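Novice: One file: input_29.pdb (PDB, C-alpha atoms and all ligand atoms).
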MODEL        1
ATOM      1  CA  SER A   1     -26.669   4.945 -18.117  1.00  0.00           C
ATOM      2  CA  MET A   2     -28.007   4.041 -14.698  1.00  0.00           C
ATOM      3  CA  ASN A   3     -25.832   4.055 -11.653  1.00  0.00           C
ATOM      4  CA  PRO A   4     -24.428   0.897 -10.117  1.00  0.00           C
ATOM      5  CA  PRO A   5     -25.324   0.002  -6.549  1.00  0.00           C
ATOM      6  CA  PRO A   6     -23.102   1.863  -4.076  1.00  0.00           C
ATOM      7  CA  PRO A   7     -19.952   0.235  -2.710  1.00  0.00           C
ATOM      8  CA  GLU A   8     -20.401  -2.165   0.148  1.00  0.00           C
ATOM      9  CA  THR A   9     -20.019  -0.614   3.615  1.00  0.00           C
ATOM     10  CA  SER A  10     -20.678  -3.485   6.050  1.00  0.00           C
ATOM     11  CA  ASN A  11     -18.803  -6.849   5.763  1.00  0.00           C
ATOM     12  CA  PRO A  12     -20.274  -9.657   7.846  1.00  0.00           C
ATOM     13  CA  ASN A  13     -17.603 -12.219   6.860  1.00  0.00           C
ATOM     14  CA  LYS A  14     -14.639 -10.137   8.157  1.00  0.00           C
ATOM     15  CA  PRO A  15     -13.171  -9.748  11.683  1.00  0.00           C
ATOM     16  CA  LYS A  16     -13.030  -6.291  13.272  1.00  0.00           C
ATOM     17  CA  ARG A  17     -10.358  -4.359  15.237  1.00  0.00           C
ATOM     18  CA  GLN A  18      -9.713  -0.823  16.556  1.00  0.00           C
ATOM     19  CA  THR A  19      -6.292   0.454  15.864  1.00  0.00           C
ATOM     20  CA  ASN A  20      -4.744   3.835  16.535  1.00  0.00           C
ATOM     21  CA  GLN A  21      -4.366   4.333  12.796  1.00  0.00           C
ATOM     22  CA  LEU A  22      -8.054   3.601  12.102  1.00  0.00           C
ATOM     23  CA  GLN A  23      -9.045   5.966  14.916  1.00  0.00           C
ATOM     24  CA  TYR A  24      -6.949   8.730  13.323  1.00  0.00           C
ATOM     25  CA  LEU A  25      -8.411   8.000   9.887  1.00  0.00           C
ATOM     26  CA  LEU A  26     -11.992   8.600  11.115  1.00  0.00           C
ATOM     27  CA  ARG A  27     -11.479  11.239  13.812  1.00  0.00           C
ATOM     28  CA  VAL A  28      -8.884  13.377  12.044  1.00  0.00           C
ATOM     29  CA  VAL A  29      -8.664  12.579   8.360  1.00  0.00           C
ATOM     30  CA  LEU A  30     -12.256  11.849   7.360  1.00  0.00           C
ATOM     31  CA  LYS A  31     -13.741  14.395   9.777  1.00  0.00           C
ATOM     32  CA  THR A  32     -11.430  17.203   8.611  1.00  0.00           C
ATOM     33  CA  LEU A  33     -12.279  16.609   4.927  1.00  0.00           C
ATOM     34  CA  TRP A  34     -16.000  16.050   5.609  1.00  0.00           C
ATOM     35  CA  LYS A  35     -16.345  19.480   7.204  1.00  0.00           C
ATOM     36  CA  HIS A  36     -14.567  21.275   4.409  1.00  0.00           C
ATOM     37  CA  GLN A  37     -16.463  23.738   2.233  1.00  0.00           C
ATOM     38  CA  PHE A  38     -15.835  21.532  -0.782  1.00  0.00           C
ATOM     39  CA  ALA A  39     -16.991  18.247   0.700  1.00  0.00           C
ATOM     40  CA  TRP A  40     -20.600  17.920  -0.632  1.00  0.00           C
ATOM     41  CA  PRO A  41     -19.754  16.552  -4.150  1.00  0.00           C
ATOM     42  CA  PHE A  42     -17.662  13.863  -2.435  1.00  0.00           C
ATOM     43  CA  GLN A  43     -20.096  12.900   0.377  1.00  0.00           C
ATOM     44  CA  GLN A  44     -22.032  10.276  -1.594  1.00  0.00           C
ATOM     45  CA  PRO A  45     -21.540   8.260  -4.756  1.00  0.00           C
ATOM     46  CA  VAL A  46     -21.525  10.178  -8.026  1.00  0.00           C
ATOM     47  CA  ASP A  47     -25.118  10.158  -9.344  1.00  0.00           C
ATOM     48  CA  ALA A  48     -24.322  10.143 -13.057  1.00  0.00           C
ATOM     49  CA  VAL A  49     -27.999  10.157 -13.990  1.00  0.00           C
ATOM     50  CA  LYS A  50     -28.895  13.247 -11.898  1.00  0.00           C
ATOM     51  CA  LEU A  51     -25.729  15.053 -12.992  1.00  0.00           C
ATOM     52  CA  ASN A  52     -26.103  14.161 -16.684  1.00  0.00           C
ATOM     53  CA  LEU A  53     -22.864  12.136 -16.980  1.00  0.00           C
ATOM     54  CA  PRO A  54     -23.995   9.046 -19.088  1.00  0.00           C
ATOM     55  CA  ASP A  55     -20.382   7.835 -19.761  1.00  0.00           C
ATOM     56  CA  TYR A  56     -19.257   8.183 -16.090  1.00  0.00           C
ATOM     57  CA  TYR A  57     -19.581   4.458 -15.229  1.00  0.00           C
ATOM     58  CA  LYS A  58     -18.233   3.465 -18.654  1.00  0.00           C
ATOM     59  CA  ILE A  59     -14.993   5.321 -17.687  1.00  0.00           C
ATOM     60  CA  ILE A  60     -14.909   4.814 -13.829  1.00  0.00           C
ATOM     61  CA  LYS A  61     -15.030   1.154 -12.852  1.00  0.00           C
ATOM     62  CA  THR A  62     -13.910   1.594  -9.229  1.00  0.00           C
ATOM     63  CA  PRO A  63     -16.129   4.398  -7.876  1.00  0.00           C
ATOM     64  CA  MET A  64     -15.448   5.627  -4.355  1.00  0.00           C
ATOM     65  CA  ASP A  65     -16.649   8.542  -2.223  1.00  0.00           C
ATOM     66  CA  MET A  66     -16.310   9.876   1.334  1.00  0.00           C
ATOM     67  CA  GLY A  67     -19.803   8.826   2.359  1.00  0.00           C
ATOM     68  CA  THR A  68     -18.709   5.258   1.647  1.00  0.00           C
ATOM     69  CA  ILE A  69     -15.397   5.747   3.459  1.00  0.00           C
ATOM     70  CA  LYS A  70     -17.123   7.252   6.511  1.00  0.00           C
ATOM     71  CA  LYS A  71     -19.564   4.343   6.741  1.00  0.00           C
ATOM     72  CA  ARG A  72     -16.727   1.864   6.240  1.00  0.00           C
ATOM     73  CA  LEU A  73     -14.789   3.376   9.163  1.00  0.00           C
ATOM     74  CA  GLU A  74     -17.883   3.594  11.381  1.00  0.00           C
ATOM     75  CA  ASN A  75     -18.733  -0.035  10.529  1.00  0.00           C
ATOM     76  CA  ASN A  76     -15.167  -1.409  10.988  1.00  0.00           C
ATOM     77  CA  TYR A  77     -15.095  -2.539   7.361  1.00  0.00           C
ATOM     78  CA  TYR A  78     -11.344  -1.949   7.209  1.00  0.00           C
ATOM     79  CA  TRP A  79      -8.785  -4.136   9.019  1.00  0.00           C
ATOM     80  CA  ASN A  80      -5.694  -2.369   7.636  1.00  0.00           C
ATOM     81  CA  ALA A  81      -5.275   1.402   7.439  1.00  0.00           C
ATOM     82  CA  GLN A  82      -3.945   1.059   3.895  1.00  0.00           C
ATOM     83  CA  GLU A  83      -7.384  -0.107   2.698  1.00  0.00           C
ATOM     84  CA  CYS A  84      -8.846   3.272   3.745  1.00  0.00           C
ATOM     85  CA  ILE A  85      -5.949   5.318   2.330  1.00  0.00           C
ATOM     86  CA  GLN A  86      -6.366   3.510  -0.978  1.00  0.00           C
ATOM     87  CA  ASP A  87     -10.095   4.406  -1.032  1.00  0.00           C
ATOM     88  CA  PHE A  88      -9.291   8.138  -0.579  1.00  0.00           C
ATOM     89  CA  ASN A  89      -6.738   7.915  -3.368  1.00  0.00           C
ATOM     90  CA  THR A  90      -9.210   6.149  -5.650  1.00  0.00           C
ATOM     91  CA  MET A  91     -11.785   8.869  -5.027  1.00  0.00           C
ATOM     92  CA  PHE A  92      -9.386  11.660  -6.020  1.00  0.00           C
ATOM     93  CA  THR A  93      -8.006   9.789  -9.007  1.00  0.00           C
ATOM     94  CA  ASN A  94     -11.475   9.082 -10.395  1.00  0.00           C
ATOM     95  CA  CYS A  95     -12.186  12.798 -10.349  1.00  0.00           C
ATOM     96  CA  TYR A  96      -8.965  13.569 -12.213  1.00  0.00           C
ATOM     97  CA  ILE A  97      -9.701  10.862 -14.851  1.00  0.00           C
ATOM     98  CA  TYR A  98     -13.239  11.958 -15.622  1.00  0.00           C
ATOM     99  CA  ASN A  99     -12.783  15.735 -15.497  1.00  0.00           C
ATOM    100  CA  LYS A 100     -10.405  18.219 -17.110  1.00  0.00           C
ATOM    101  CA  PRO A 101      -7.701  20.544 -15.734  1.00  0.00           C
ATOM    102  CA  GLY A 102      -9.271  23.773 -14.778  1.00  0.00           C
ATOM    103  CA  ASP A 103     -12.721  22.289 -14.072  1.00  0.00           C
ATOM    104  CA  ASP A 104     -14.001  23.607 -10.735  1.00  0.00           C
ATOM    105  CA  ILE A 105     -14.475  20.088  -9.387  1.00  0.00           C
ATOM    106  CA  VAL A 106     -10.826  19.261 -10.152  1.00  0.00           C
ATOM    107  CA  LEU A 107      -9.581  22.346  -8.283  1.00  0.00           C
ATOM    108  CA  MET A 108     -11.866  21.274  -5.383  1.00  0.00           C
ATOM    109  CA  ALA A 109     -10.475  17.707  -5.403  1.00  0.00           C
ATOM    110  CA  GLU A 110      -6.927  19.025  -5.503  1.00  0.00           C
ATOM    111  CA  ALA A 111      -7.562  21.193  -2.438  1.00  0.00           C
ATOM    112  CA  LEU A 112      -9.103  18.269  -0.531  1.00  0.00           C
ATOM    113  CA  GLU A 113      -6.211  16.005  -1.533  1.00  0.00           C
ATOM    114  CA  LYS A 114      -3.651  18.522  -0.269  1.00  0.00           C
ATOM    115  CA  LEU A 115      -5.511  18.564   3.046  1.00  0.00           C
ATOM    116  CA  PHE A 116      -5.625  14.722   3.056  1.00  0.00           C
ATOM    117  CA  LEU A 117      -1.851  14.599   2.587  1.00  0.00           C
ATOM    118  CA  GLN A 118      -1.282  17.154   5.395  1.00  0.00           C
ATOM    119  CA  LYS A 119      -3.301  15.003   7.760  1.00  0.00           C
ATOM    120  CA  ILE A 120      -1.929  11.631   6.620  1.00  0.00           C
ATOM    121  CA  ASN A 121       1.559  12.984   7.331  1.00  0.00           C
ATOM    122  CA  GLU A 122       0.728  12.598  11.056  1.00  0.00           C
ATOM    123  CA  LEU A 123      -0.864   9.174  10.859  1.00  0.00           C
ATOM    124  CA  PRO A 124       0.388   7.224  13.872  1.00  0.00           C
ATOM    125  CA  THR A 125       2.588   4.121  13.598  1.00  0.00           C
ATOM    126  CA  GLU A 126       1.379   0.561  13.068  1.00  0.00           C
ATOM    127  CA  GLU A 127       0.996  -1.846  16.013  1.00  0.00           C
TER     128      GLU A 127
HETATM  129  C1  LIG B 201     -28.524  17.475 -10.222  1.00  0.00           C
HETATM  130  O1  LIG B 201     -28.039  16.353  -9.519  1.00  0.00           O
HETATM  131  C2  LIG B 201     -27.182  16.533  -8.407  1.00  0.00           C
HETATM  132  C3  LIG B 201     -26.472  15.447  -7.985  1.00  0.00           C
HETATM  133  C4  LIG B 201     -25.604  15.524  -6.879  1.00  0.00           C
HETATM  134  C5  LIG B 201     -25.485  16.749  -6.203  1.00  0.00           C
HETATM  135  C6  LIG B 201     -24.524  16.792  -4.981  1.00  0.00           C
HETATM  136  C7  LIG B 201     -23.498  17.901  -5.370  1.00  0.00           C
HETATM  137  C8  LIG B 201     -22.515  17.802  -6.561  1.00  0.00           C
HETATM  138  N1  LIG B 201     -21.984  16.531  -6.671  1.00  0.00           N
HETATM  139  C9  LIG B 201     -21.100  16.583  -7.683  1.00  0.00           C
HETATM  140  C10 LIG B 201     -20.203  15.649  -8.289  1.00  0.00           C
HETATM  141  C11 LIG B 201     -19.389  16.089  -9.329  1.00  0.00           C
HETATM  142  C12 LIG B 201     -18.373  15.115  -9.955  1.00  0.00           C
HETATM  143  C13 LIG B 201     -17.458  14.362  -9.206  1.00  0.00           C
HETATM  144  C14 LIG B 201     -17.305  14.222  -7.727  1.00  0.00           C
HETATM  145  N2  LIG B 201     -16.711  13.694 -10.095  1.00  0.00           N
HETATM  146  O2  LIG B 201     -17.102  14.059 -11.373  1.00  0.00           O
HETATM  147  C15 LIG B 201     -18.110  14.938 -11.278  1.00  0.00           C
HETATM  148  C16 LIG B 201     -18.795  15.558 -12.563  1.00  0.00           C
HETATM  149  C17 LIG B 201     -19.395  17.341  -9.803  1.00  0.00           C
HETATM  150  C18 LIG B 201     -20.245  18.252  -9.203  1.00  0.00           C
HETATM  151  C19 LIG B 201     -21.086  17.867  -8.177  1.00  0.00           C
HETATM  152  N3  LIG B 201     -21.934  18.561  -7.484  1.00  0.00           N
HETATM  153  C20 LIG B 201     -22.288  20.023  -7.694  1.00  0.00           C
HETATM  154  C21 LIG B 201     -23.185  20.022  -8.952  1.00  0.00           C
HETATM  155  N4  LIG B 201     -23.881  21.380  -9.239  1.00  0.00           N
HETATM  156  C22 LIG B 201     -24.359  21.999  -8.012  1.00  0.00           C
HETATM  157  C23 LIG B 201     -25.337  21.051  -7.365  1.00  0.00           C
HETATM  158  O3  LIG B 201     -26.422  20.810  -8.265  1.00  0.00           O
HETATM  159  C24 LIG B 201     -26.074  20.339  -9.594  1.00  0.00           C
HETATM  160  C25 LIG B 201     -24.926  21.157 -10.172  1.00  0.00           C
HETATM  161  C26 LIG B 201     -26.192  17.854  -6.618  1.00  0.00           C
HETATM  162  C27 LIG B 201     -27.063  17.750  -7.726  1.00  0.00           C
ENDMDL
END
Show me, as structure tokens, the structure contained in the file I just sent.
Ligand SMILES: COc1ccc(CCc2nc3cc(-c4c(C)noc4C)ccc3n2CCN2CCOCC2)cc1
Specialist:
Amino acid sequence: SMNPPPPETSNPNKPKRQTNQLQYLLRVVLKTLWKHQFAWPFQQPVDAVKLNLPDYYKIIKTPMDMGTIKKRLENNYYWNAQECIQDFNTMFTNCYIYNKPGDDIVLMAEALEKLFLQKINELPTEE
């Protein structure tokens, strides 16, 4: 029940660009969630060994976390804004799959997702 390696965060065989959407995703979306009281469980990959979750990576085959997302944005790993939005959605969905309604972590994820949706509402337009 060991963990997999973390997701890749730096892509040498991909071109890089700054867009207004990617700027918003790091400076507004990621930074607003990262600073939230509830951010710590989501700031690095789930350590299923330390947390005593031996079936986690039997159930979750596309792990994702905000530490990964932050590094991806800082490293220009994403070309399209939708790649980053999908990673946030994957992170929340994984939490909902593994855990149960009423678990503290679920309530925490739901609060962070509401905040995500409030900030994504003001994502700027595509060039
Ligand atoms: C003992 O090993 C660890 C490993 C990581 C961390 C970072 C914080 C933390 N990361 C978490 C991820 C999850 C989680 C997610 C996310 N998805 O499914 C599960 C299940 C749940 C709770 C988490 N928590 C608080 C856990 N509590 C309070 C901290 O000490 C342990 C008990 C802390 C301790």
Novice: Would you name the residues within 10 Å of ligand LIG 201 (chain B), counting only C-alpha atoms and all ligand atoms, and put them as a PyMOL selection string?
Specialist: chain A and resi 38-53+56+60+63-65+91-100+103-106+108-109
Novice: Name all residues at most 12 Å from residue A:24 (count all atoms listed in the file; drop same-chain ones fewer than 4 positions away) and give them as a PyMOL selection string.
Specialist: chain A and resi 18-20+28-32+73+81+84-85+116+119-126
Novice: Using all atoms listed in the file, which of the listed residues (A:16, A:89, A:9, A:61) sits closest to residue A:110?
Specialist: A:89
Novice: I'd like the interatomic distance between atom CA of residue A:14 and atom CA of residue A:113, to a tenth of an Å.
Specialist: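 Between atom CA of residue A:14 and atom CA of residue A:113 the gap is 29.1 Å.
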Novice: So, counting only C-alpha atoms, which residue among A:26, A:59, A:66, A:33 is closest to residue A:118?
Specialist: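 Closest to residue A:118, using only C-alpha atoms: A:33.
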